[PDB]
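To start, the structure itself, in structure tokens.
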Amino acid sequence: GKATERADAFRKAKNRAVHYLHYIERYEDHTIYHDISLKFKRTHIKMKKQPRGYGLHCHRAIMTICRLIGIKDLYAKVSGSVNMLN
Amino acid sequence: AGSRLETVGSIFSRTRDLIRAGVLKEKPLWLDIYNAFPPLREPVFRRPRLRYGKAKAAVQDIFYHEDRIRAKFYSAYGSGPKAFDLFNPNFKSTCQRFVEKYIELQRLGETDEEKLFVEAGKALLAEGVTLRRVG
Amino acid sequence: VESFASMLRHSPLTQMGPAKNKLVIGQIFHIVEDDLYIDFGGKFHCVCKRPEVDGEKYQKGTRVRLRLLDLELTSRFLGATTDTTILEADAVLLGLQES
Amino acid sequence: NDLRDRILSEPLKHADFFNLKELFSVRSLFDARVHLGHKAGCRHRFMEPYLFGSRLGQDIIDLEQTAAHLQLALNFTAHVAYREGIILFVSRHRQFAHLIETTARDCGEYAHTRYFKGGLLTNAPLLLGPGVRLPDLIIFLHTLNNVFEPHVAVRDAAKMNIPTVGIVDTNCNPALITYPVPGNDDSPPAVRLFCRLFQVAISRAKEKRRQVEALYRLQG
Amino acid sequence: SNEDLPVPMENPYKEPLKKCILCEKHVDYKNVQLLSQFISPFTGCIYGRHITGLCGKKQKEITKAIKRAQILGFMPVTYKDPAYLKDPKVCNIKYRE
RNA sequence: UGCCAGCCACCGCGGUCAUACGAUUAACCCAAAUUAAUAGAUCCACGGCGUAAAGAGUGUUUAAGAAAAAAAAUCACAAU
Ligand SMILES: [Mg+2]
Ligand SMILES: [Mg+2]
Ligand SMILES: [Mg+2]
Ligand SMILES: [Mg+2]
Ligand SMILES: [Mg+2]
Ligand SMILES: [Mg+2]
Ligand SMILES: [Mg+2]
Ligand SMILES: [Mg+2]
Ligand SMILES: [Mg+2]
Ligand SMILES: [Zn+2]
């Protein structure tokens, strides 16, 4: 979201975010299902599926998004461009 | 609220999953109707890539032996005297007559093209159709 | 019951073959001043100009005789991915339904 | 309240419940020219599994599949009308504009045949009003707009979680359409046939609703 | 077991291919008439394809022939030989309007 | 104090309303240690080469490799 004022942009981005929602399947409601590797544009995300006791070892942004999804155990390395949106 | 991503999956996928997560607390009508009688294909998004290299399509061209005859008929006599009615479902043209005559003289065992052709022309002249031909 | 193949094989459009220079019967379903919009029954209507000889004999519902050139007027042009449909057919208006 | 759940649950247990099977046939369709597509140069890539073949440059739509699809499409459309929900007829074609507006008026259904305003489905509350209901099904008699691009309302009904029935010609894109029926949208008998078909499915649905309602009121 | 299904034959209706006026003729440097048909009367220039309307093969052939006949002393370069002025005009150009 | 005096690992700070200099108040964080300087440990490419560093002006053979399943050498036009 984008505005002249910071507050406004915050609001816009919240309310707009509700509209685009994904369902993310969770194996046993903590990890993901299987190992993922993806190259999106110039970014490389590589995510490995952990056992129960191993909490969220990840780029901080990914840890955030994960706490919001409900994924409690993961490992993810990002390489190439770390640009946030991408 | 909803899921405005068109590209993610089918409307059914997104809706069902959104309900499943407890986000959408009211089930729409068209959901149950869909559940009862699903479409043939999942209406998922797909991108129309252009085709490259050697790859072509699988579409078959439509041809029958009757055509192989109609070609000769049109080469000699052109389009028939009766014009065409594409409104009439059961309409048979001059060429179609010629086709059936040729098919019937083929069942008599004549393997020569000239015999079959000229004698189907005579078998048509017998019924009273005029073939003016072309130069 | 009739298989779709069976119907297609014997239909009047299948019998015609190539649509070039074909004598066809068609009907006028619409009119603008000099323009006669003519459904000859294939897919698209064609559009012919009202001749000078017996001009008023051509009305909505009238039947006429055509020489079919093209079923659908279409061509591909420089730098395009697909062809360009004019959404018409190409014909010559000869005379009207001598009967 | 339990018997209202009965009146909603009952029709889903029969395949033919409004008996629409008898409204058309392969021959019926064939005589409406429905099997006829555009030139092969204009073919859309996703349309090939729906093609019986190409006869001398013209694309012939397989009417077996057309019937198989149209069955399900009409089935859905009637079930929607039965459950009391909004049906919108969308086409941007100026020949059949009047015909379609007429058709929808006569089914007691709504029609947008005009220029589609940009935020219409996406931003409803501003364009239409303070709070609104949106069509529970949208029917496309023409999936294209007069510049030959896909009608926006396809992408935006997808976006909105609305199911979509449409007649997808040889050059149209079926992908984002929920119940596509492959067939001819250009020639008048085809458009008229489909207009009529959907009209009848709607009318039958609404009637059966009325009658099963009367039966429900006499039950107690 | 359906006999109404289409047959994978090549196109029977397919027309013959159109032909250069000279398709299977022989262009000879020795005959100045046929050559000077393709020359501009006033200039002596050689007309291109868009004018003469030939297969590439025959446009080439006519050209090479013309050049050869010109240097061997059979045909004049700077004008069409007056004698051949009233021969059939096969070219698509219109000077006088 | 006023682009002075000074500060900084990198961005940078100081021109009269300096949370960046100097001192005071408060706080933070390590702790018998705390900072600075210097060496290490770690760290480059199983990535790339149209526009960013990068396909070497051209062809042939040697060395050295690959052969991993199916075939081929060859005809209008301005090579030398
Ligand atoms: Mg169309
Ligand atoms: Mg200091
Ligand atoms: Mg101060
Ligand atoms: Mg500092
Ligand atoms: Mg200080
Ligand atoms: Mg690097
Ligand atoms: Mg470079
Ligand atoms: Mg080079
Ligand atoms: Mg150099
Ligand atoms: Zn030639």
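If you're wondering about the labels, chains in the structure tokens are A, B, ... by order shown, residues count from 1 in each chain, ligands from 1 in order shown.
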Using DSSP assignments from the backbone, pull out every residue in chain C that falls under strand (DSSP E or B) and give it to me as a PyMOL selection string. chain C and resi 22-31+35-39+46-49+63-70+74-75+84-85+89-95
Distance filter 9 Å around ligand 7, atoms: only C-alpha atoms (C1' of nucleotides) and all ligand atoms, out as number ranges by chain: F: 49, 51-54
Taking only C-alpha atoms (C1' of nucleotides) and all ligand atoms into account, report as a list in words which residues have an atom no farther than 12 Å from an atom of ligand 5. residues 6, 7, 13, 14, 18, 19, 20, 21, 22, 23 and 24 of chain F
Output C-alpha atoms (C1' of nucleotides) of each residue in that selection to a file, as a PDB file, in the first residue's frame.
```pdb
ATOM      1  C1'   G F   6      36.364  18.022  17.254  1.00  0.00           C
ATOM      2  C1'   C F   7      33.846  12.822  15.783  1.00  0.00           C
ATOM      3  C1'   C F  13      27.904  14.627  12.051  1.00  0.00           C
ATOM      4  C1'   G F  14      29.439  20.161  13.092  1.00  0.00           C
ATOM      5  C1'   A F  18      23.823  19.352  17.637  1.00  0.00           C
ATOM      6  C1'   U F  19      19.854  12.962  21.048  1.00  0.00           C
ATOM      7  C1'   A F  20      26.474  12.321  16.323  1.00  0.00           C
ATOM      8  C1'   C F  21      31.648  17.378  18.891  1.00  0.00           C
ATOM      9  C1'   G F  22      32.945  18.829  24.648  1.00  0.00           C
ATOM     10  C1'   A F  23      30.762  18.404  29.560  1.00  0.00           C
ATOM     11  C1'   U F  24      26.377  17.353  32.730  1.00  0.00           C
TER      12        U F  24
END
```
Per residue of stretch 123-200 of chain D within 10 Å of stretch 4-27 of chain B, note the shortest atom pair and the distance in Å to one decimal, counting only C-alpha atoms, and order the rows by chain and increasing residue number, as a Markdown table.
```
| residue | atom | partner | partner_atom | distance |
| --- | --- | --- | --- | --- |
| D:155 | CA | B:6 | CA | 7.1 |
| D:156 | CA | B:6 | CA | 8.3 |
| D:157 | CA | B:6 | CA | 9.1 |
| D:158 | CA | B:6 | CA | 5.8 |
| D:159 | CA | B:4 | CA | 4.5 |
| D:160 | CA | B:4 | CA | 6.1 |
| D:161 | CA | B:11 | CA | 5.4 |
| D:162 | CA | B:11 | CA | 7.3 |
| D:163 | CA | B:11 | CA | 7.3 |
| D:164 | CA | B:11 | CA | 9.9 |
| D:175 | CA | B:10 | CA | 9.8 |
| D:176 | CA | B:10 | CA | 8.0 |
| D:177 | CA | B:10 | CA | 9.5 |
| D:178 | CA | B:11 | CA | 8.2 |
```
What would the file look like if the residues just selected were written as a JSON list (two decimals), in the first residue's frame with C-alpha atoms?
```json
[["chain", "number", "residue", "atom", "x", "y", "z"],
["D", 155, "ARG", "CA", -11.21, -12.12, -14.94],
["D", 156, "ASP", "CA", -13.19, -10.08, -12.39],
["D", 157, "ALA", "CA", -15.90, -12.69, -11.73],
["D", 158, "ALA", "CA", -13.08, -15.15, -11.21],
["D", 159, "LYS", "CA", -11.53, -12.57, -8.87],
["D", 160, "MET", "CA", -14.82, -12.27, -7.00],
["D", 161, "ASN", "CA", -15.47, -15.98, -6.37],
["D", 162, "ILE", "CA", -18.42, -16.16, -8.76],
["D", 163, "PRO", "CA", -18.99, -19.17, -11.00],
["D", 164, "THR", "CA", -19.23, -18.51, -14.71],
["D", 175, "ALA", "CA", -9.42, -21.25, -18.88],
["D", 176, "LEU", "CA", -11.02, -18.98, -16.25],
["D", 177, "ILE", "CA", -14.58, -20.02, -17.09],
["D", 178, "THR", "CA", -16.28, -22.48, -14.64]]
```
Nearby residues, ligand 1, 8 Å, only C-alpha atoms (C1' of nucleotides) and all ligand atoms, as a PDB file with N, CA, C and O atoms, in the first residue's frame:
```
ATOM      1  N   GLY D  37     -16.785 -23.166 -36.226  1.00  0.00           N
ATOM      2  CA  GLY D  37     -15.828 -22.226 -35.648  1.00  0.00           C
ATOM      3  C   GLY D  37     -15.245 -21.254 -36.668  1.00  0.00           C
ATOM      4  O   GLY D  37     -15.740 -21.161 -37.796  1.00  0.00           O
ATOM      5  N   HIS D  38     -14.192 -20.534 -36.270  1.00  0.00           N
ATOM      6  CA  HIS D  38     -13.500 -19.583 -37.152  1.00  0.00           C
ATOM      7  C   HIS D  38     -12.467 -20.282 -38.043  1.00  0.00           C
ATOM      8  O   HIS D  38     -12.423 -21.512 -38.103  1.00  0.00           O
ATOM      9  N   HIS D 142     -21.080 -14.077 -25.240  1.00  0.00           N
ATOM     10  CA  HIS D 142     -19.839 -13.764 -25.938  1.00  0.00           C
ATOM     11  C   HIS D 142     -18.742 -13.496 -24.919  1.00  0.00           C
ATOM     12  O   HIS D 142     -18.861 -12.599 -24.075  1.00  0.00           O
ATOM     13  N   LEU D 144     -15.823 -12.395 -25.517  1.00  0.00           N
ATOM     14  CA  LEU D 144     -14.910 -11.357 -25.979  1.00  0.00           C
ATOM     15  C   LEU D 144     -15.585  -9.995 -25.982  1.00  0.00           C
ATOM     16  O   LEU D 144     -16.810  -9.886 -25.881  1.00  0.00           O
ATOM     17  N   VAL D 168     -17.933 -20.426 -25.410  1.00  0.00           N
ATOM     18  CA  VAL D 168     -16.580 -20.128 -25.836  1.00  0.00           C
ATOM     19  C   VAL D 168     -16.395 -20.619 -27.265  1.00  0.00           C
ATOM     20  O   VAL D 168     -16.410 -21.828 -27.524  1.00  0.00           O
ATOM     21  N   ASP D 169     -16.238 -19.673 -28.189  1.00  0.00           N
ATOM     22  CA  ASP D 169     -16.078 -19.995 -29.604  1.00  0.00           C
ATOM     23  C   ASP D 169     -14.679 -20.558 -29.847  1.00  0.00           C
ATOM     24  O   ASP D 169     -13.919 -20.806 -28.908  1.00  0.00           O
ATOM     25  N   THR D 170     -14.356 -20.782 -31.113  1.00  0.00           N
ATOM     26  CA  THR D 170     -13.096 -21.404 -31.482  1.00  0.00           C
ATOM     27  C   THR D 170     -11.881 -20.544 -31.076  1.00  0.00           C
ATOM     28  O   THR D 170     -10.816 -21.081 -30.766  1.00  0.00           O
ATOM     29  N   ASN D 171     -12.043 -19.218 -31.072  1.00  0.00           N
ATOM     30  CA  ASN D 171     -10.940 -18.312 -30.727  1.00  0.00           C
ATOM     31  C   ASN D 171     -10.936 -17.758 -29.278  1.00  0.00           C
ATOM     32  O   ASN D 171     -10.029 -17.009 -28.912  1.00  0.00           O
ATOM     33  N   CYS D 172     -11.938 -18.113 -28.472  1.00  0.00           N
ATOM     34  CA  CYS D 172     -12.040 -17.664 -27.066  1.00  0.00           C
ATOM     35  C   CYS D 172     -11.191 -18.467 -26.061  1.00  0.00           C
ATOM     36  O   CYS D 172     -10.830 -19.622 -26.320  1.00  0.00           O
ATOM     37  N   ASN D 184     -20.655 -22.147 -31.351  1.00  0.00           N
ATOM     38  CA  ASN D 184     -20.628 -20.940 -32.184  1.00  0.00           C
ATOM     39  C   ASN D 184     -21.384 -19.764 -31.550  1.00  0.00           C
ATOM     40  O   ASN D 184     -22.578 -19.865 -31.273  1.00  0.00           O
ATOM     41  N   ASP D 185     -20.681 -18.667 -31.274  1.00  0.00           N
ATOM     42  CA  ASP D 185     -21.330 -17.459 -30.749  1.00  0.00           C
ATOM     43  C   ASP D 185     -21.662 -16.387 -31.818  1.00  0.00           C
ATOM     44  O   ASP D 185     -22.352 -15.412 -31.518  1.00  0.00           O
ATOM     45  N   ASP D 186     -21.153 -16.552 -33.044  1.00  0.00           N
ATOM     46  CA  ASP D 186     -21.286 -15.521 -34.099  1.00  0.00           C
ATOM     47  C   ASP D 186     -22.598 -15.518 -34.926  1.00  0.00           C
ATOM     48  O   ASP D 186     -23.139 -14.449 -35.237  1.00  0.00           O
TER      49      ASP D 186
END
```
Please provide the set of residues having any atom within 9 Å of stretch 17-20 of chain C, restricted to only C-alpha atoms (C1' of nucleotides), with same-chain residues fewer than 2 positions apart removed, written as a compact mmCIF listing (two decimals) with N, CA, C and O atoms, in the first residue's frame.
```txt
# COMPACT_ATOMS: atom_id res chain seq x y z
N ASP B 67 -14.83 -36.63 -51.10
CA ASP B 67 -14.08 -35.44 -51.49
C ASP B 67 -13.18 -35.75 -52.69
O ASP B 67 -13.15 -34.98 -53.66
N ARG B 70 -15.39 -35.47 -55.48
CA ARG B 70 -15.94 -34.12 -55.61
C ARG B 70 -14.95 -33.17 -56.29
O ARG B 70 -15.34 -32.24 -56.99
N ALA B 71 -13.67 -33.42 -56.04
CA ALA B 71 -12.58 -32.66 -56.65
C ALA B 71 -12.61 -32.79 -58.16
O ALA B 71 -12.52 -31.79 -58.88
N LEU C 13 -22.88 -28.16 -46.12
CA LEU C 13 -21.62 -27.41 -46.10
C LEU C 13 -20.43 -28.32 -46.39
O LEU C 13 -19.48 -27.91 -47.05
N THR C 14 -20.50 -29.55 -45.89
CA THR C 14 -19.48 -30.56 -46.17
C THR C 14 -19.48 -30.93 -47.65
O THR C 14 -18.42 -31.15 -48.25
N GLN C 15 -20.68 -31.00 -48.24
CA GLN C 15 -20.86 -31.36 -49.66
C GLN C 15 -20.28 -30.31 -50.62
O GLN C 15 -19.91 -30.63 -51.76
N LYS C 22 -18.66 -20.48 -55.42
CA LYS C 22 -19.81 -21.40 -55.30
C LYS C 22 -21.14 -20.66 -55.44
O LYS C 22 -21.34 -19.60 -54.86
N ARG C 67 -22.59 -15.54 -55.47
CA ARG C 67 -21.37 -16.30 -55.76
C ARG C 67 -20.40 -16.11 -54.60
O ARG C 67 -19.84 -15.02 -54.39
N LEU C 68 -20.22 -17.19 -53.85
CA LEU C 68 -19.36 -17.24 -52.68
C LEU C 68 -17.89 -17.29 -53.08
O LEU C 68 -17.47 -18.18 -53.84
N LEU C 69 -17.14 -16.33 -52.55
CA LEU C 69 -15.69 -16.24 -52.70
C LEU C 69 -15.04 -16.82 -51.44
O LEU C 69 -14.32 -17.82 -51.50
N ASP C 70 -15.31 -16.17 -50.31
CA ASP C 70 -14.73 -16.57 -49.02
C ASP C 70 -15.77 -16.73 -47.91
O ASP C 70 -16.63 -15.87 -47.71
N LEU C 71 -15.67 -17.85 -47.20
CA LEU C 71 -16.55 -18.16 -46.08
C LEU C 71 -16.38 -17.15 -44.94
O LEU C 71 -17.35 -16.71 -44.33
N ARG D 55 -12.01 -28.47 -41.19
CA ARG D 55 -12.47 -28.79 -42.54
C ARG D 55 -12.17 -27.61 -43.45
O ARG D 55 -12.82 -26.57 -43.38
N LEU D 56 -11.18 -27.81 -44.32
CA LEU D 56 -10.77 -26.81 -45.30
C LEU D 56 -10.56 -25.42 -44.69
O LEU D 56 -11.08 -24.42 -45.19
N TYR E 13 -8.62 -31.02 -53.23
CA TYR E 13 -9.08 -29.79 -53.85
C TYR E 13 -7.94 -28.84 -54.18
O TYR E 13 -8.13 -27.86 -54.91
```
